[PDB]
Protein chains: 2
Amino acid sequence: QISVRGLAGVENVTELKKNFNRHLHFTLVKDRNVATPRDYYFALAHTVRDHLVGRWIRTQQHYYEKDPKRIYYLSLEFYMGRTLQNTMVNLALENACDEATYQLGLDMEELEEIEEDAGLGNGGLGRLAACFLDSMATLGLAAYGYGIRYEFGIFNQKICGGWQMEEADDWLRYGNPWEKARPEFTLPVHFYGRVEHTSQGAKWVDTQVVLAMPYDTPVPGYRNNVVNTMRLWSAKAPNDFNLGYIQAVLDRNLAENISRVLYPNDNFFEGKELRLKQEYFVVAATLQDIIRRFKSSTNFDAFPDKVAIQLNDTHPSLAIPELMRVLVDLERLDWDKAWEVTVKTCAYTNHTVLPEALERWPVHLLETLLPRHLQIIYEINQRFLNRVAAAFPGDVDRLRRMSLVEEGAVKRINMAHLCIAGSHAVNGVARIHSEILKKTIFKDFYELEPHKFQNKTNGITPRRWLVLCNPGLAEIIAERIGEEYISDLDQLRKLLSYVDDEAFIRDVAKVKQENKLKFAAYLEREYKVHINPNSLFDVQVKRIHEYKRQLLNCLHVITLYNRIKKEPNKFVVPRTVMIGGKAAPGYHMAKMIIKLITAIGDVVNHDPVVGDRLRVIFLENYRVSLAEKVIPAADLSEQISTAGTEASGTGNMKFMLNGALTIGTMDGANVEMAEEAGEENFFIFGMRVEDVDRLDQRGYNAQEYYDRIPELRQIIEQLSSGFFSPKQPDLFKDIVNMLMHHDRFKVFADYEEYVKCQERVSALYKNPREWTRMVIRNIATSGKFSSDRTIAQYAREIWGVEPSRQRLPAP
Amino acid sequence: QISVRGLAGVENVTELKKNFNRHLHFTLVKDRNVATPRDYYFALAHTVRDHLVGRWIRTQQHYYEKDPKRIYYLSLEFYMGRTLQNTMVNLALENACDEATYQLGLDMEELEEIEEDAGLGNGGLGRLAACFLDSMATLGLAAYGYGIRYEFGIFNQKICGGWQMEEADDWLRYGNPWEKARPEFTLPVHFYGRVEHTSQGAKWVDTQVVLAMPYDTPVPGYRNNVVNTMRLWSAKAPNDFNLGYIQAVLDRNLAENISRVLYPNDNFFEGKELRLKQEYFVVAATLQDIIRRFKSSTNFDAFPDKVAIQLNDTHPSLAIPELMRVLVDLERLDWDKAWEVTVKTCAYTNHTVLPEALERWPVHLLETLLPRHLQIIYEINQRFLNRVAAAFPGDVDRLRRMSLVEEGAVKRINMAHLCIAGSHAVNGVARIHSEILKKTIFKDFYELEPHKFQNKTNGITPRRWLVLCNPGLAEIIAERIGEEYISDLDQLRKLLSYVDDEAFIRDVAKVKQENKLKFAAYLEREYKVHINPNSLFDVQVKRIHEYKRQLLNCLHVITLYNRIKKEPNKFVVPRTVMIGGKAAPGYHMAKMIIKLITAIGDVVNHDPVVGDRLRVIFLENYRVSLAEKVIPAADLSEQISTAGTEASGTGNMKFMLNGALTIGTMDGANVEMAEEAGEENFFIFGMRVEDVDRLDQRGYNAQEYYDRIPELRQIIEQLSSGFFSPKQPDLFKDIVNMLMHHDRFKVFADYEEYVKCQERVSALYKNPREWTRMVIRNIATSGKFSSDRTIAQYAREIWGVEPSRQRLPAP
Ligand SMILES: OC[C@H]1O[C@@H](NC(=S)N/N=C/c2cccc(Cl)c2)[C@H](O)[C@@H](O)[C@@H]1O
Ligand SMILES: OC[C@H]1O[C@@H](NC(=S)N/N=C/c2cccc(Cl)c2)[C@H](O)[C@@H](O)[C@@H]1O
Ligand SMILES: OC[C@H]1O[C@@H](NC(=S)N/N=C/c2cccc(Cl)c2)[C@H](O)[C@@H](O)[C@@H]1O
Ligand SMILES: OC[C@H]1O[C@@H](NC(=S)N/N=C/c2cccc(Cl)c2)[C@H](O)[C@@H](O)[C@@H]1O
């Protein structure tokens with residue numbers, strides 16, 4: 001049907017049909033009379049997966065023969081979403097499968113909807129790991145993702161009476177066709193025990209053993225025949241475990257709980273023993289696998305030439321003392337050589353500056369669980385602080401600030417400090433974020449070792465986030481500039497030549513309208529909600545957090561409602577305001593914010609005077625597959641975090657690529673997006689980081705804003721008095737109290753500028769030609785935000801490897 | 001190579017080779033350079049399993065179109081063993097696969113050894129269910145086995161310092177190719193709650209819900225293209241289960257524990273809540289599935305014409321009140337009609353007379369777990385006792401004896417009484433056992449309803465237990481009489497014509513020698529033990545129980561050792577005495593018996609004066625795959641239970657079919673075996689049931705035997721003084737004490753007769769021609785003991801259906 005989806009040759013279509021029927025019969029044990037739509041999905045999944053096998057075997061064979069430097073990306077989160085369409089895209093099978101299924105009397109898009117998301121992450125950090133794997137395969141790097149195979153991923157969100165309810169994400173229930181169990185590579189992981197000192201060094205003894213069983217998932221590059229591996233570990237009890245008899249068998253669950261469930265906190269640290277066990281489990285199993293593969297190439301001098309380990313935040317920070325443990329205790333290297341190898345091998349990426357998100361593990365936990373690692377950490381700290389002392393003699397406060405060991409009621413280990421000491425490179429994830437790291441939280445470390453600090457601005461893969469989710473846009477672009485841009489996104493700059501092209505303008509606007517129509521229909525069908533597709537689609541989707549300021553959005557929504565009620569017969573640009581995102585289960589304020597949003601909808605959506613000029617919808621169960629639907633449909637992207645709080649953002653980049661304009665603060669990657677597009681093509685408002693700092697110095701007084709802004713006062717009085725909760729008049733008192741007395745994120749301080757900026761958005765939307773021309777200018781300058789660019793920079797500046805766009809031989 | 005293993009045609013071999021290579025590549029993601037022997041097993045398993053698919057689909061399609069009466073065999077145990085060879089045998093693929101793998105450079109027998117036993121049973125009862133499924137498929141019955149898919153089957157037994165250690169049987173670790181998950185047929189099972197009475201009857205409310213997910217395993221008939229289904233249920237928590245957040249997800253294990261592990265007690269009742277939950281789980285899920293299938297054919301009058309439910313012991317006895325519950329509470333039938341339907345649908349098989357093996361559930365357990373079922377049971381009891389009262393007016397003690405409710409400290413429900421009341425047929429499993437049921441434990445019930453009581457003597461499948469495990473014997477038989485005997489075992493009578501045939505005599509003896517050589521080699525390789533293959537192979541393999549009298553065997557072994565030591569230079573027929581079997585983990589005396597056996601071996605096997613004239617070996621981890629190896633190798637089968645205690649035995653039949661002679665008491669099926677073969681062709685000894693009864697009446701005094709038999713006195717003095725445990729002189733005091741003061745099974749009473757009978761065995765073994773002629777007379781009369789005969793009798797006399805030997809069309 002459309003060109004970028006590849007060829008549908010008669011030989012291919014005939015073959016796909018044959019193999020689909022073979023799988024339905026032999027694999028699924030069904031015939032067409034009893035087969036359910038789920039059976040059809042599986043038959044198609046197996047048919048497509050068959051095409052990966054040869055390429056996967058020969059990619060891995062290739063790395064063995066050429067022995068390149070291998071990259072190991074360690075993460076506790078890989079937010080993969082669905083795999084079927086992505087695989088078809090990367091193998092150029094989409095049109096062929098579409099035709100083959102059509103001839104079998106099936107709708108492929110209907111089959112695609114059956115697949116469960118692999119929701120093995122919370123939000124931005126987990127999704128970044130996924131985009132990164134796609135880019136590493138597309139750039140021909142010998143890369144492996146290593147993580148945990150959670151039995152339960154991020155919970156499914158249900159909204160009941162306007163409140164979030166959590167439901168277990170039992171994603172493996174029907175079996176996962178996109179994994180291959182590798183029980184032959186099962187490895188032991190050790191916990192507890194004690195340290196014994198012998199004539200020849202320390203020994204870690206009397207440990208409990210949990211087995212780590214690997215499951216491999218293929219990661220196909222874009223049409224280059226490369227298939228890399230994501231290896232995820234599952235926890236298994238040994239067979240002699242706890243071995244009255246019945247209870248011993250039932251108690252195997254205690255060991256196996258390690259890989260049971262993903263912790264649902266993003267940007268918040270909870271010091272629970274189970275989480276610590278998860279972090280060590282992935283690290284211990286992975287490092288053994290890395291060392292085994294390296295030996296199959298005695299002398300660890302060449303280890304850093306053949307191995308790079310990337311730590312995705314501090315979650316796998318135990319890699320540093322674990323590598324030391326293996327090199328010193330097991331391989332018998334001297335400390336200084338082991339340390340040199342470790343530093344040159346490891347690099348660390350920081351993803352946040354919020355103090356409550358930093359991992360600070362109580363010493364007593366590490367003492368019981370990982371006694372040898374605590375000893376190694378103490379030694380690392382002593383030698384590091386000896387270096388600080390020599391560089392800054394007499395500066396005793398620097399010594400306390402820089403220590404890996406934090407003093408207080410409970411002694412804690414600062415894992416970020418451990419990562420900096422033990423890594424040759426430390427990076428932030430957007431220019432402003434990386435600068436903040438050097439000037440504030442890690443200032444002391446930057447002064448000691450300035451060469452370690454780098455920036456690597458985040459990106460997204462334009463395979464999933466354009467070709468897959470927005471084929472209509474991909475196609476109209478391809479018609480003008482060809483297909484090369486899909487793996488060289490900078491080519492989108494060529495679209496600047498078409499900004500005055502009447503045909504292109506019409507086509508861009510038409511694709512958006514179609515996307516909005518499709519999404520308005522998705523809403524009615526699956527959620528029985530009725531929206532006006534002619535309205536401006538105003539979208540804020542991301543995890544619910546005070547710093548992300550969904551609350552500021554709420555205030556604007558109520559302002560618009562109040563203005564309409566004040567002057568009902570005045571024209572306003574119609575809007576559909578969509579907010580979605582999950583709240584961490586224990587985060588009370590985030591749960592209240594969801595309830596507020598739905599409560600506002602309850603009032604606004606049923607007011608006869610408003611009509612269809614304003615609708616407020618909460619998008620339930622926001623996840624990767626939902627993002628793929630809503631992002632192409634959006635007109636306005638809300639990126640409104642308080643300046644200095646969103647490290648990068650990546651949702652922002654997705655909207656830019658897909659033809660929405662952005663309203664945002666100068667925070668995270670927004671800064672670089674505005675710089676790429678031109679500030680005149682962006683809706684910037686609000687305090688800069690410097691303004692926030694000024695306000696903090698004299699002190700933030702919310703009352704001042706309340707006193708000076710009558711429209712703001714009205715809203716607060718409506719919230720307090722029970723206008724949005726007539727049955728429970730005091731329901732939102734916690735929210736009002738926080739805003740008035742305890743607001744870390746200065747919601748009121750940006751209110752006036754935000755509302756004014758929103759007026760300017762409405763003005764532009766009244767002029768479809770000019771709206772669309774600004775859109776073209778955004779899409780045309782989105783090239784920098786490809787994760788291909790990001791990964792090429794990691795490769796050259798951190799890992800010491802060259803990317804390659806060259807094809808591997810096919811069959 | 002050998003004829004009974006089928007044809008190896010060039011087309012077939014070429015095709016098998018192609019598909020084997022396809023599976024290694026696409027299914028296993030391996031090539032020949034990295035493939036392990038386990039990979040090769042799986043490639044072969046998938047290749048063979050592909051051949052089942054068409055036959056399985058069309059068998060089930062056939063039953064849907066013809067709508068025959070369906071047979072549902074409910075069991076908590078299905079002791080299946082390995083599946084690969086059995087499938088090849090039944091599909092006539094053995095020689096073709098042997099050739100195909102040979103040409104690929106592989107040894108198929110080596111690949112077969114990789115498969116794990118499906119050890120979903122304890123011993124005889126579980127293995128009977130397995131033989132039954134094979135026979136039902138071979139006889140073309142529309143039969144389904146229903147059970148539980150235990151994550152852990154019977155434990156693997158390790159012997160450490162002569163003591164049994166238990167290890168978890170993690171049989172699903174590598175994945176099970178012989179199952180297909182059917183999550184689309186998942187059903188809810190209810191627990192706890194309370195009963196509410198409305199204007200229109202009772203309602204069971206406020207229940208907790210566990211999901212039952214079915215897994216289907218094919219059961220192929222012997223070369224008739226029939227493939228029946230064994231459906232096993234797995235426990236799954238609902239997604240909203242317990243739904244701080246982390247703990248709620250981890251607590252899903254509590255629901256899912258229902259299908260985690262097989263209870264390892266055979267012939268012993270333990271009233272644990274988890275076991276009760278297992279029993280209801282299988283019953284509730286199965287009955288829903290049965291009813292659903294029946295409705296897909298309003299009026300339940302025809303239910304018993306279309307449905308038979310066979311209860312394998314009392315373990316699924318809750319089927320009776322569950323059927324009533326559904327018919328009365330959900331379908332709104334009147335009580336009397338529901339009861340008529342229930343009785344006509346259900347039949348019950350009893351497998352033991354030991355009082356400690358009978359299920360007697362405490363009322364307080366049923367009250368909490370299954371409140372509605374307890375009410376139904378009370379009502380069943382009231383109406384039943386009203387019938388007893390009318391038949392036997394004034395007989396108040398009969399009323400107390402026959403009640404389903406037992407009085408005492410704790411009120412209990414007698415499940416066997418429930419089964420008799422609610423079934424149209426009750427059978428024992430050998431003639432003597434069925435007679436004992438009528439004369440003793442169920443005498444009162446037999447007097448009330450004599451028509452309900454039947455006998456169905458047990459059998460074994462001659463596919464697994466001859467063709468599969470003993471191809472050499474199967475072949476020499478086939479050479480004389482053709483192949484028809486494999487599904488018509490009575491044809492073995494034709495071998496009586498060959499009892500004087502010198503060629504046949506030589507061939508029978510040669511096959512035994514080869515089997516013994518192969519087993520003597522298996523022992524050296526896997527267990528580093530050295531046995532003389534010229535010795536008489538004296539074998540007792542079965543679960544360890546006092547009633548089975550492994551202890552009597554021990555006494556004979558020590559007698560032989562003592563006699564040798566007394567007259568070292570006298571000739572004795574050399575013996576290898578092999579004992580094996582698992583002890584239930586909580587059965588202390590059975591654990592001591594294992595320790596005694598190994599302790600005797602420790603003395604006997606290292607005494608230079610004995611040489612190779614006597615060896616005592618404990619066979620570790622006795623299970624189905626081990627039985628397939630040892631049984632063909634045996635010369636003498638030990639079946640030495642106290643008369644009246646072994647309901648049938650089935651191991652006895654296996655040895656008979658495979659060319660061993662039997663030393664045994666007139667107990668269980670031994671009686672019918674001796675009757676078939678002729679008592680002159682059997683080594684019968686010891687008390688009959690009548691003699692045991694006489695002894696009980698005057699009282700059993702072990703001291704009398706000790707006082708009168710000097711050889712027995714010596715043995716007891718050796719045990720007591722520490723001759724067999726020099727470091728722990730008192731180790732066996734518990735055993736001595738039991739024998740002397742508390743022996744329920746009268747070990748001493750049969751000692752003299754046993755020893756004398758063993759002398760007669762040795763005498764015959766000195767004459768190879770006459771030994772072998774008696775063997776031929778045993779094999780020739782083993783036909784009655786085919787489970788094909790057993791199932792044909794169930795079919796005609798209980799289920800009301802005709803067996804069919806006719807082929808279904810192939811492809
Ligand atoms: O279908 C359910 C089961 O599938 C199994 N996969 C098998 S047998 N082959 N895969 C082959 C294959 C081939 C190409 C790509 C990939 Cl990604 C896999 C998995 O090991 C198991 O964990 C899972 O439960
Ligand atoms: O770099 C990718 C993205 O990373 C996000 N960080 C996230 S989701 N961290 N989760 C941290 C976390 C997660 C679990 C536990 C703990 Cl203790 C911390 C940033 O907020 C976002 O600006 C950026 O675009
Ligand atoms: O290989 C491991 C997995 O295999 C799956 N089987 C699948 S996908 N097809 N089977 C087809 C089939 C075909 C013929 C006979 C039989 Cl018996 C099965 C099982 O559902 C799953 O529980 C198991 O873990
Ligand atoms: O009919 C087949 C065989 O059945 C055997 N019975 C066995 S293994 N019962 N287990 C009963 C059992 C098992 C678990 C729990 C409880 Cl509470 C009882 C008989 O002992 C044997 O003579 C006969 O040949």
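Here is how names work: the chains are called A, B, and so on, in the same order as the sequence lines, proteins then strands, and each is numbered from 1. Every heavy atom of this structure was used, including side-chain atoms; hydrogens, water molecules and symmetry mates were not.
Side-chain N or O atoms of B/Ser625 include none that pairs as donor or acceptor with a backbone N or O of B/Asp117 at under 3.5 Å. Panel note: side chain B/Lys512, backbone B/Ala634; a donor-acceptor pair is recorded below 3.5 Å. Listed for the B/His556 side chain is no donor-acceptor partner under 3.5 Å among the backbone atoms of B/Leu552. Distance alone, capped at 3.5 Å, is enough to place a donor-acceptor pair between the B/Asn19 side chain and the B/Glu15 backbone. When atom types are taken as modelled, the side chain of B/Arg805 and the backbone of B/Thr138 share a donor-acceptor pair closer than 3.5 angstrom. Although no hydrogens or angles enter the test, the distance criterion places no donor-acceptor pair under 3.5 Å between the side chain of B/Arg464 and the main chain of B/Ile460. Looking only at distances, no side-chain donor or acceptor of B/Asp501 sits under 3.5 Å from a matching main-chain atom of B/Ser497. B/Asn455 contributes a side-chain N or O that, together with a main-chain N or O of B/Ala430, makes up a donor-acceptor pair within less than 3.5 Å. Remark: the backbone N or O of B/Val89 is not paired with any side-chain donor or acceptor of B/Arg463 at under 3.5 angstrom. A donor-acceptor pair is defined here as one N or O able to donate and one able to accept, closer than 3.5 Å; such a pair exists between the side chain of B/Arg789 and the backbone of B/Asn458.
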What's the verdict on side-chain hydrogen bond (donor to acceptor under 3.5 Å, both in side chains) for B/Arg807 and B/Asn224, showing C-alpha distance, side-chain angles and the deciding distance?
CA-CA 4 Å; B/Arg807 252 98 290 200; B/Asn224 65 169; over 6 Å; no
side-chain contact (heavy atoms from CB on, under 4.5 Å) evaluation trace for B/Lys516 with B/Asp635:
CA-CA 9 Å; B/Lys516 293 169 68 173; B/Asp635 295 307; 2.8 Å; yes
Determine, stepwise, if the pair B/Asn553 / B/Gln540 fulfils side-chain hydrogen bond (donor to acceptor under 3.5 Å, both in side chains).
CA-CA 8 Å; B/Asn553 200 163; B/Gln540 187 180 204; 2.9 Å; yes
side-chain hydrogen bond (donor to acceptor under 3.5 Å, both in side chains) evaluation trace for B/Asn470 with B/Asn515
CA-CA 8 Å; B/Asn470 204 351; B/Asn515 289 344; 2.9 Å; yes
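When all heavy atoms of B/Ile597 and B/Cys554 are compared, the closest pair comes out as CG1-SG, 3.6 Å. Residue B/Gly459 comes nearest to B/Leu128 through the heavy atom pair O-CD1, 3.7 Å, listed as atom of the first residue, atom of the second, then distance. Scanning all heavy atoms of the two residues, the minimum distance from B/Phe519 to B/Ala633 falls at CB-CB, 3.7 Å. Minimum heavy-atom separation, B/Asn90 to B/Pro220: ND2-O, 2.6 Å.
Salt-bridge check for B/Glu676 with B/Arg777: failed, with every basic side-chain N at 4.0 Å or more from each acidic carboxylate O. Classification of B/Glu753 and B/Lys756 as a salt-bridged pair fails, no side-chain N sitting under 4.0 Å from a carboxylate O. Salt bridge status for B/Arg773 with B/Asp500: present, with a side-chain N to carboxylate O gap under 4.0 Å. Electrostatic pairing of B/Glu526 and B/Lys629 does not count as a salt bridge here, judged by no charged N lying under 4.0 Å from a carboxylate O. Between B/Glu646 and B/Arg549 no salt bridge is recorded (no basic side-chain N to carboxylate O distance below 4.0 Å). Note on B/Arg431 versus B/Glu675: salt bridge recorded, some NZ/NE/NH1/NH2 to OD/OE distance being below 4.0 Å. A salt bridge is defined here as a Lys NZ or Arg NE, NH1 or NH2 lying under 4.0 Å from an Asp or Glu carboxylate O, and B/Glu112 with B/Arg82 fails to meet this definition. Between B/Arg623 and B/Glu628 there is no salt bridge, since no side-chain nitrogen of the basic residue lies less than 4.0 Å from a carboxylate oxygen of the acidic one.
Aromatic ring orientation, B/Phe504 versus B/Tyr498: tilted (interplanar angle from 30° to 60°).
B/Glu94 and B/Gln85 share a donor-acceptor pair across their side chains, judged by distance under 3.5 Å alone. The closest side-chain donor-acceptor pair between B/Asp490 and B/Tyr485, if any, does not fall under 3.5 angstrom. Counted by atom type alone, B/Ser535 and B/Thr576 present one or more donor-acceptor pairs between their side chains at under 3.5 Å. Side-chain contact annotation: B/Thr650 with B/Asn652, donor-acceptor N/O pair under 3.5 Å absent. Looking at B/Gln491 and B/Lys494, their side chains do bring a donor and an acceptor atom within 3.5 Å of each other. Using modelled atom types and a 3.5 Å distance limit, the side chains of B/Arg575 and B/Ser762 yield a donor-acceptor pair. Between the side chains of B/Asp607 and B/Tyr561, at least one donor-acceptor pair of N or O atoms lies under 3.5 Å. Defined by atom type and a distance below 3.5 Å, a donor-acceptor pair is missing between the side-chain atoms of B/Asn605 and B/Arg615. B/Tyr754 and B/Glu638 share a side-chain donor-acceptor pair at under 3.5 Å. Side-chain polar atoms of B/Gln639 and B/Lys542 form a donor-acceptor pair below 3.5 angstrom. Side-chain atoms of B/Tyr751 and B/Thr559 form a donor-acceptor pair, as typed in the model, at a separation below 3.5 Å.
Within a 6.0 Å sphere centred on NZ of B/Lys766, heavy atoms belonging to other residues, nucleotides or ligands number 12 at most.
With B/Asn122 as the fixed residue, the side chain to side chain donor-acceptor pair (under 3.5 Å) test singles out one of B/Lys582, B/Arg127, B/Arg543: B/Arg543.
The side chain to side chain donor-acceptor pair (under 3.5 Å) test applied to B/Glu567 returns B/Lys570, not counting sequence neighbours.
Between B/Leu560 and B/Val572 there is no side-chain heavy-atom pair separated by less than 4.5 Å.
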